[PDB]
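*Asks:* Handing you this structure, nothing more for now.
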2 protein chains.
Amino acid sequence: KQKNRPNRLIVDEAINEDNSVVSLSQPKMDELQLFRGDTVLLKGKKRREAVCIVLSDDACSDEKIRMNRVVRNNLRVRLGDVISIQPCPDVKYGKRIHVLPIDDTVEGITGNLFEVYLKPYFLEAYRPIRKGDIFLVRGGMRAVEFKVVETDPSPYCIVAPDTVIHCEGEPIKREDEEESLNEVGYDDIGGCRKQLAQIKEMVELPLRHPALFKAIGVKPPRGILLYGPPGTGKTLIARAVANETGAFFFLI
Amino acid sequence: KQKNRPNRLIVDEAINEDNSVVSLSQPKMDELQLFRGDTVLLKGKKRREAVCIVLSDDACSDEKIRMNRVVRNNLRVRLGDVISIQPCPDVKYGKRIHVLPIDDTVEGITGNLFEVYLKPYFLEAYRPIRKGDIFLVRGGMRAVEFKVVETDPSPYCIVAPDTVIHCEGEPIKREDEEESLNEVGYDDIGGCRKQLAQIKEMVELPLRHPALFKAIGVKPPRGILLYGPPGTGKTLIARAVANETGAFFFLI
Ligand SMILES: Nc1ncnc2c1ncn2[C@@H]1O[C@H](COP(=O)(O)OP(=O)(O)O)[C@@H](O)[C@H]1O
Ligand SMILES: Nc1ncnc2c1ncn2[C@@H]1O[C@H](COP(=O)(O)OP(=O)(O)O)[C@@H](O)[C@H]1O
């Protein structure tokens with residue numbers, strides 16, 4: 001079976017903000033035999049899957065794939081990891097969905113969540129979904145998460161205008177496996193691109209591949225000193241780096 | 001029943017010093033069908049009532065009502081609250097009243113309180129009263145409070161020249177519900193208007209509506225630093241703010 005050359009890419013940062021658009025470059029797209037708007041299927045770590053509409057861009061390489069933080073966290077991968085891509089031409093429109101909120105997120109929210117949040121989200125935008133994911137909607141000076149529990153053409157479909165939604169039930173608990181989305185990441189840092197590039201390349205090898213430094217005698221850098229006027233967000237950059245590499249973070 | 005548009009106003013600061021004059025603007029006054037000098041009836045928090053002569057002014061909005069600190073404290077409301085207004089054309093002259101002092105206020109006062117204090121107060125000024133209120137008279141380098149206990153056309157009337165007063169009895173105790181009137185308020189701060197406006201708008205939302213900051217993620221200001229030469233009354237301003245919002249005050 002052929003899997004190495006047509007079906008391998010490397011995750012990196014995103015430029016678009018939609019939680020379903022995955023951006024890649026045109027040579028890979030006519031190599032994969034995929035056109036714009038076609039729903040694609042991604043497999044990552046721990047046999048997790050995701051369905052996403054595709055899009056083309058130019059400011060990419062021929063092995064890099066740009067995905068948003070929600071879809072990336074939905075596959076359990078981190079930046080610099082590899083995934084598998086496939087065409088999925090057998091998705092159908094749904095006829096029944098059931099969604100729940102996360103209790104950690106809904107606090108002091110009064111009224112009904114349906115007509116304020118889930119009504120403008122699935123409005124005039126055909127969005128694909130798979131059972132057991134988590135998506136995020138922003139508004140009312142808050143950001144609320146939602147977990148899909150069921151799907152009528154199980155286990156994945158596309159949201160069509162005539163797809164009823166039964167938003168019935170009580171909040172569900174966040175388990176000890178997925179991480180929160182109110183945490184810090186590289187997307188929550190405006191400006192300062194060159195310095196971010198430097199720090200990212202400076203801690204890439206010791207924190208991503210730790211076993212490599214048992215096979216070579218080479219000393220990686222261990223002392224970093226950030227400086228600048230107060231109010232420039234340095235602890236932010238620290239927590240960001242520490243969260244995106246999955247490393248442990250202690251604060252003195 | 002119609003109550004929202006003709007019978008709702010918002011309390012604010014006063015410009016006059018009389019304990020019976022309540023000031024409002026001419027559009028609301030000819031909307032309520034009220035003329036000058038007519039006794040008006042106010043209902044506030046905890047089904048408290050008050051009878052007051054009315055007056056017109058121009059430096060107001062069309063939903064703000066200016067009342068003195070005595071009448072405001074008599075309704076249990078604070079600044080920025082809402083009250084109900086009504087016309088009360090069925091007040092009559094009294095024929096017997098009975099008033100007592102507050103023991104916390106009378107200290108070292110010798111002689112009789114009647115002819116020195118209660119004689120010039122109800123002199124050539126028709127003043128309305130209701131049973132169970134508290135009013136304040138100034139003189140002799142002191143300020144003495146008085147509580148009405150009974151009224152002959154019960155439970156409210158107007159003081160006419162031929163209304164006898166039986167100032168008979170012993171001092172009464174201040175209970176644990178009403179606050180004193182020798183405390184600090186915005187009226188006891190001369191000058192410094194712009195800075196007062198700034199500090200009042202800076203602590204309005206967190207201290208008046210605390211539940212609102214469980215429904216939005218927005219950080220209110222928490223650090224304030226007052227400065228100026230010594231002798232400019234800064235702790236005064238602090239106690240003032242803390243008393244007018246009803247907040248707890250700790251002093252280090
Ligand atoms: N470049 C930036 N991008 C995003 N937010 C920033 C940036 N610079 C400052 N801030 C914001 O202002 C504050 C500045 O960071 P700082 O007060 O030094 O860190 P912290 O209080 O989190 O230890 C943070 O709350 C952050 O939200
Ligand atoms: N603007 C003002 N309005 C009213 N009284 C003031 C003003 N400025 C100063 N004072 C008076 O002078 C004193 C100045 O305040 P201060 O001596 O700093 O506070 P305290 O002695 O109460 O700790 C107070 O007793 C106050 O009565």
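By order in the structure tokens, chains are A, B, ...; within a chain, residues start at 1; ligands start at 1, following the order shown.
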Residues within 9 Å of ligand 1 should be enumerated using only C-alpha atoms and all ligand atoms and returned as a ChimeraX atom specification.
*Replies:* /A:187-192,230-237,239
*Asks:* Quick one: contact table of chain A to chain B, 10 Å max, nearest atom pair and distance in Å to one decimal per residue, counting only C-alpha atoms, chain and number order, as JSON lines?
*Replies:*
```
{"residue": "A:106", "atom": "CA", "partner": "B:215", "partner_atom": "CA", "distance": 9.3}
{"residue": "A:107", "atom": "CA", "partner": "B:214", "partner_atom": "CA", "distance": 7.0}
{"residue": "A:108", "atom": "CA", "partner": "B:215", "partner_atom": "CA", "distance": 4.8}
{"residue": "A:109", "atom": "CA", "partner": "B:215", "partner_atom": "CA", "distance": 6.1}
{"residue": "A:110", "atom": "CA", "partner": "B:215", "partner_atom": "CA", "distance": 8.3}
{"residue": "A:140", "atom": "CA", "partner": "B:216", "partner_atom": "CA", "distance": 7.5}
{"residue": "A:141", "atom": "CA", "partner": "B:216", "partner_atom": "CA", "distance": 5.7}
{"residue": "A:142", "atom": "CA", "partner": "B:217", "partner_atom": "CA", "distance": 6.2}
{"residue": "A:143", "atom": "CA", "partner": "B:217", "partner_atom": "CA", "distance": 9.2}
```
*Asks:* Please report the interatomic distance between CA of residue 158 in chain B and CA of residue 21 in chain B in Å with one decimal.
*Replies:* 13.9 Å
*Asks:* If DSSP is run on the backbone, what residues of range 80-217 of chain A are strand (DSSP E or B)? A reply as a PyMOL selection string would be ideal.
*Replies:* chain A and resi 82-87+93+97-102+127-130+134-139+142-151+156-159+165-166+172
*Asks:* Can you pull out the residues contacting residue 3 in chain A? Cut-off 12 Å, using only C-alpha atoms, and skip same-chain residues under 6 positions away; I want them as number ranges by chain.
*Replies:* A: 9, 32, 83-86
*Asks:* Would you output that residue set with N, CA, C and O atoms, as a PDB file, in the first residue's frame?
*Replies:*
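Contents of selection-v7.pdb, as written:
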```pdb
ATOM      1  N   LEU A   9       1.704  14.616   5.938  1.00  0.00           N
ATOM      2  CA  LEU A   9       1.965  16.042   6.066  1.00  0.00           C
ATOM      3  C   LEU A   9       2.359  16.345   7.503  1.00  0.00           C
ATOM      4  O   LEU A   9       2.252  15.495   8.387  1.00  0.00           O
ATOM      5  N   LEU A  32      -3.056  14.988  -4.374  1.00  0.00           N
ATOM      6  CA  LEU A  32      -4.039  14.161  -3.670  1.00  0.00           C
ATOM      7  C   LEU A  32      -5.318  13.902  -4.456  1.00  0.00           C
ATOM      8  O   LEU A  32      -6.137  13.108  -3.976  1.00  0.00           O
ATOM      9  N   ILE A  83       0.333  13.430  10.379  1.00  0.00           N
ATOM     10  CA  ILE A  83      -1.031  12.925  10.322  1.00  0.00           C
ATOM     11  C   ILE A  83      -1.251  12.259   8.973  1.00  0.00           C
ATOM     12  O   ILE A  83      -0.398  12.293   8.089  1.00  0.00           O
ATOM     13  N   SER A  84      -2.419  11.651   8.826  1.00  0.00           N
ATOM     14  CA  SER A  84      -2.819  11.007   7.588  1.00  0.00           C
ATOM     15  C   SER A  84      -4.061  11.685   7.035  1.00  0.00           C
ATOM     16  O   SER A  84      -4.985  11.998   7.788  1.00  0.00           O
ATOM     17  N   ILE A  85      -4.092  11.900   5.726  1.00  0.00           N
ATOM     18  CA  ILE A  85      -5.193  12.590   5.070  1.00  0.00           C
ATOM     19  C   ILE A  85      -5.804  11.626   4.056  1.00  0.00           C
ATOM     20  O   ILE A  85      -5.121  10.742   3.533  1.00  0.00           O
ATOM     21  N   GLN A  86      -7.109  11.755   3.827  1.00  0.00           N
ATOM     22  CA  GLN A  86      -7.835  10.888   2.911  1.00  0.00           C
ATOM     23  C   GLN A  86      -9.033  11.639   2.352  1.00  0.00           C
ATOM     24  O   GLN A  86      -9.516  12.584   2.986  1.00  0.00           O
TER      25      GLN A  86
END
```
*Asks:* Go ahead and compute the interatomic distance for atom 9 (C, counted along the ligand's line) of ligand 2 and CA of residue 182 in chain B, in Å to one decimal.
*Replies:*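 Here the two named atoms are 16.3 Å from each other.
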*Asks:* As a PyMOL selection string, list the residues of range 1-249 of chain A assigned to helix (DSSP H, G or I) by DSSP on the backbone atoms of this structure.
*Replies:* chain A and resi 26-31+45-47+69-74+114-121+186-188+193-202+204-208+211-214+234-244
*Asks:* Pick the closest to ligand 2 from B:79, B:196, B:125, B:159: which is it, counting only C-alpha atoms and all ligand atoms?
*Replies:*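 Counting only C-alpha atoms and all ligand atoms, the residue closest to ligand 2 is B:196.
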